[PDB]
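These notes concern the structure reproduced below.
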Amino acid sequence: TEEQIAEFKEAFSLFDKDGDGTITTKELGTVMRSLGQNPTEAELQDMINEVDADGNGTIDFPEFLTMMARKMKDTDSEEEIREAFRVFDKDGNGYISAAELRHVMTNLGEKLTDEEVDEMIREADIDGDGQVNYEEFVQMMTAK
Amino acid sequence: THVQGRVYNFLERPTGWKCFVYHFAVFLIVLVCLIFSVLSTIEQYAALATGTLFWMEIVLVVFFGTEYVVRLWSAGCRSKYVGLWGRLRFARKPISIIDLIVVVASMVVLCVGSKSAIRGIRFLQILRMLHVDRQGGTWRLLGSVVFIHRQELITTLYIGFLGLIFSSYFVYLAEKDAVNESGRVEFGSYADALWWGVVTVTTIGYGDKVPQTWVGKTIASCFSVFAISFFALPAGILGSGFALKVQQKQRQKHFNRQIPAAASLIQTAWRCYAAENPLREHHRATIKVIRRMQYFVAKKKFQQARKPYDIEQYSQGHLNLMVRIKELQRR
Amino acid sequence: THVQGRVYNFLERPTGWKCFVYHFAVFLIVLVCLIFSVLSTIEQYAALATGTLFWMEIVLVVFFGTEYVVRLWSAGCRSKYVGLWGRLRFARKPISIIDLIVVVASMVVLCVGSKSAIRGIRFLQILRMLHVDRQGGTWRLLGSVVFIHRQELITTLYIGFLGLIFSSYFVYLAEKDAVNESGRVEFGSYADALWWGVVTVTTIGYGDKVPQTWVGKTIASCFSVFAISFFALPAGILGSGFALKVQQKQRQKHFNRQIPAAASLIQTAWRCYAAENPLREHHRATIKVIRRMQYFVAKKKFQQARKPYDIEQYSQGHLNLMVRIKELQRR
Amino acid sequence: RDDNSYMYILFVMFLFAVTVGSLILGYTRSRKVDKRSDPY
Amino acid sequence: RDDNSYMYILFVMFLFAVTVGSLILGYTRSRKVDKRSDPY
Ligand SMILES: [Ca+2]
Ligand SMILES: [Ca+2]
């Protein structure tokens, strides 16, 4: 962890286009739009509402470091993703077919690209059958 | 199409804080135009209903005669019907069959009265209360709660109507020739004794007809208790049935909220793993920030999609059971 | 502050066996002063209400005029409002807005009548029943049970009022010109036929207006059954809704008891393990007695915090299920 | 005698307009109108 | 004729004072008044 705690702060204040210790939530709506997102101001104010645990909106990484210091791979956020398959499960066992996973992948929430969702179920359907099991996916999401 | 798809959301199935002001201050025009139309039959306040009420009725049918055509022309934004031949099945919707009858029949009555005439305006002015409650969201509740409970309703109406047909005949046999305290005979025919049966089986008790002979009072007592119960039954039946259907809509309305927030987590966690491969380098230096940033927003939305349940203390049968399996599962 | 924090528990949200004697034998002074104020309109018992009743009213407003100022001065023991400018939002509490209206309006009416006058004392003596039921613990129940059940209540009141508006117009059309048995016409206007509609839709049946023509009796029969059901509905609806909210308070009131007895066990078990290190030796020889002594009292309190449940036989879906997991867990 | 007989038709249509004015507010303040998108 | 007509106003206000005298005893004999301390 000693080799990443220095150069990350170069990207932390990179959105403000200056040297100030600011996460720049007002300028994040221009930085992400320059990247090609262009969100609304309601979702933009919702970003640092839970990302920045301080509460101001622009920070010298109390929680911008803690956002990096949350690996999202241990057993505290591995069952919450495993519950997201359970909302789609019918008749138990994690039955989810490639057609049903493509049906739910390109339709709801924040949709993926077709070049992403076409190959997303590829490593989770190595047997080629009609059941993309959740345990074969969270094992791929174990390093996420 | 954008010049027409927004009107279909402004008139039918409407939404937004100004649609309430449109569809309620039309109803508060029908209401005043009904109160002034029916304060004319008091024979002492009849001077208030002058001819300006009639011209306020003809401008009202002028308004509705283009309102129906606006809602007809703005109907082609639907997958169920398109064009002009398809839109006839839009006019099978019985609120529109009611509305067409209202506007054309009130126009026809206003034409012949301008070249018992004013009396027909009262019925076709009462009918305009029904056509501003859109979507039929009230009758769909009752027509399904009655259909779910068809067995008990048919049973108790059959038993109550059998008790009414039977025991309001024995009263007529006990009271066929007996006069009142004022010289008239109450139970003259069977229909008088049946008017009595309906009236006393629903516990009205007007008091025009009371059985005078002491045989008939006993039968009235027996049939009173033993059919007042079976006619007071459907109140409790539909009272359970209405409070059980709205709770069966606040299950699926929460389950419709849970699914896009159980999609926005998995579709974003795959995005957070796809950091290997989506100057082309520093553009990828910024996306690792946003794929970790919005993932936490999706994580908050998913925990706000299941923890607020609705009657929110419904975990009172499975308090320790949701934890007593997981701690066993960790071993 | 102790000279003022105890008065705020003695007047508002009161507790203790003498607060009942204060706040009930004030109500049993309002009640006698109302019965004697309203036994004056009988025209034969009017001699009992002499001027000593009026002076018992002016000493009553003397008592309340300092009671309100005592409860105002004893309001600064609250975190919600302090001082003098903060205490204005204490006077937004509608029981206090009712009480201020009572004391000042009754004082104003007593001043002008001492230098239709006595009639105003009856209304501002009926109003003093409401202000001694403190905390508003009754209206908070009803205003939430109606809000939970807003859909079914709005539905059945809309259907019942639509049946009342519609079918009490057909009776007036069937009975516009028909005389009684005593020479008067009952259904003269629409308002007479609607008085009839409300009266017969709530099953009163006074008997002043009964439809005489045989067309109107059929409509009265139909509308009688098919709207008496929809007006008897809210009794069953609120009857379920009131017995389901008190059971939703006797869940959280038991869960508020369980937490300090699930704290007094863990905080004492850590104390029982901390025997290594808190003449300094024989003082530690005594603490091993007490840390084992009070731990058993905490153990008894925790088992008395979950075993008495409340309607205490609610384990009748999970009888063997609480044991069939644990014996599996021991293997 | 119909002295204050406007009050009854003033009252009952008011208590009907209240129970309608919470039925149009109950659909104006509704959230979505998607007919067939629930179980998919 | 209002011969014993004090009895009705004696009775109904009594049966109202009973149903009030179990509503003030129901809050006097209450246990605590802590507003926001339950789920913490
Ligand atoms: Ca800044
Ligand atoms: Ca901050």
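Read top to bottom, the protein sequences are chains B, A, D, C and F.
Per the authors' numbering: the first sequence = residues 6 to 149.
Per the authors' numbering: the second sequence = residues 104 to 218, 225 to 387, 506 to 537, 542 to 562.
Per the authors' numbering: the third sequence = residues 104 to 218, 225 to 387, 506 to 537, 542 to 562.
Per the authors' numbering: the fourth sequence = residues 53 to 92.
Per the authors' numbering: the fifth sequence = residues 53 to 92.
Even for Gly, the Cβ is constructed at its ideal location relative to N, Cα and C.
Contacts around D/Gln-107, its chain only, beta-carbon distance under 8 Å, and the 5 residues preceding and following it disregarded = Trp-176, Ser-177, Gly-179, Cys-180
Near-chain C residues of the stretch 297 to 311 of chain D - C-beta to any C-beta below 9 Å | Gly-297, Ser-298, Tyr-299, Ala-300, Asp-301, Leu-303, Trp-304, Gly-306, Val-307
I think F/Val-70 touches D/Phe-130, with their Cβ atoms under 8 Å apart; what is that distance to the nearest whole Å?
-> In fact, because the Cβ distance is near 11 Å, the residues do not count as touching under 8 Å.
A/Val-334 versus A/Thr-322: straight-line alpha-carbon distance, rounded = 19 Å
Beta carbon proximity, F/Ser-82 to chain D, threshold 8 Å | yes
Rounded to the nearest angstrom, how far is the Cβ of A/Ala-283 from that of A/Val-324, given a contact under 8 Å?
-> Confirmed, Cβ separation roughly 4 Å.
Exposed or buried, B/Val-109, counting other C-beta atoms within 10 Å across all chains shown (16 or more means buried)?
-> Burial call: buried.
Chain C residues whose Cβ lies nearer than 7 Å to that of D/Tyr-281 = Within 7 Å Cβ-Cβ: nothing; D/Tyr-281 doesn't reach chain C, min ~12 Å.
Within the 8 Å Cβ cut-off, does D/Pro-117 reach chain F?
-> Chain F places a beta carbon closer than 8 Å to that of D/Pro-117, counting this residue as a contact.
Roughly how many angstroms lie between the CA atoms of residue 574 of chain D and D/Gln-531, to the nearest whole one?
-> No answer is possible for residue 574 of chain D: the residues shown for chain D start at 104 and end at 562.
Would you say the beta carbon of B/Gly-60 comes nearer than 7 Å to a heavy atom of ligand 2?
-> yes
So does the stretch 52 to 64 of chain B actually touch the stretch 23 to 35 of chain B, counting three or more Cβ pairs closer than 8 Å?
-> yes
Inter-residue spacing [alpha-carbon to alpha-carbon] between A/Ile-227 and A/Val-124 | 31 Å
Does at least one heavy atom of ligand 1 sit under 7 Å from the Cβ of B/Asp-96?
-> Not under cutoff, so the answer is no.
Secondary structure at D/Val-294, three-state DSSP: helix, strand or coil?
-> Judged by DSSP in its simplified three-state form, D/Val-294 adopts strand.
Distance cut-off 7 Å: D/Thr-118 Cβ against heavy atoms of ligand 1 | no
Local conformation of D/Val-288 per DSSP, three classes = strand
Name the chain C residues whose beta carbon is nearer than 9 Å to that of D/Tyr-315?
-> Under the 9 Å cutoff, chain C gives no residues; its nearest Cβ is about 15 Å from D/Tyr-315.
With DSSP collapsed to three states, give me the class of C/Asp-90.
-> coil
Quick one, which of D/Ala-208, D/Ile-145, D/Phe-523, D/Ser-140 has its alpha-carbon nearest D/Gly-168's?
-> It is D/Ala-208.
Could you round the C-beta distance between A/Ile-337 and A/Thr-312 to whole angstroms and report it? I think they count as a contact, below 8 Å.
-> 6 Å
For A/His-509, is the classification buried or exposed, using 16 other Cβ atoms within 10 angstroms of its Cβ as the cut-off for buried?
-> exposed
Could you check which residue in C/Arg-53, C/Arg-83, C/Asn-56, C/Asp-90 has the C-alpha nearest to that of A/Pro-117?
-> C/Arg-83
Exposed or buried, which one is D/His-105 when buried takes at least 16 other CB atoms within 10 Å?
-> exposed
Thinking just about the alpha-carbon of each residue, which of D/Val-255, D/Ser-182, D/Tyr-382 is nearest to the one in D/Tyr-111?
-> Ranking the options by Cα distance to D/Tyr-111, first place goes to D/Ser-182.
Chain D partners of C/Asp-86, CB-CB under 8 Å?
-> Within chain D, no residue comes near C/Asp-86; the closest Cβ sits about 20 Å away, beyond 8 Å.
Can you list, in chain order, the residues of its chain whose CB lies under 8 Å from that of A/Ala-194, leaving out five sequence neighbours each side?
-> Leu-175, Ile-200, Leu-203
According to a CB-to-CB cut-off of less than 8 Å, which residues of the stretch 119 to 140 of chain D neighbour chain F?
-> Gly-119, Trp-120, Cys-122, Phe-123, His-126, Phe-127, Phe-130, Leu-131, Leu-134, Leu-137, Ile-138
If you scan the stretch 91 to 115 of chain B from start to end, which runs of the alpha helix (DSSP H) of 4 or more residues do you find wholly inside it?
-> The stretch 91 to 115 of chain B is shown to contain whole alpha helix (DSSP H) runs of 4 or more residues at 103 to 110, in chain order.
6 Å CB neighbourhood of B/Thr-111 in its chain, flanking five on each side removed = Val-122
Does the Cβ-Cβ distance between D/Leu-353 and D/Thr-265 come in under 8 Å?
-> no
Under 8 Å between C-beta atoms, does A/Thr-377 make it to chain B?
-> yes
Can you give me the Cβ contacts of D/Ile-132 inside the same chain, cut-off strictly under 8 Å, excluding the 5 residues immediately before and after it?
-> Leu-163
Closer than 7 Å at the beta carbon, the chain A residues around C/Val-72 | Scanning chain A for C-beta atoms nearer than 7 Å to the C-beta of C/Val-72 yields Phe-130, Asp-242, reported in chain order.
Contact with chain C by D/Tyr-278, beta-carbon distance below 8 Å = no
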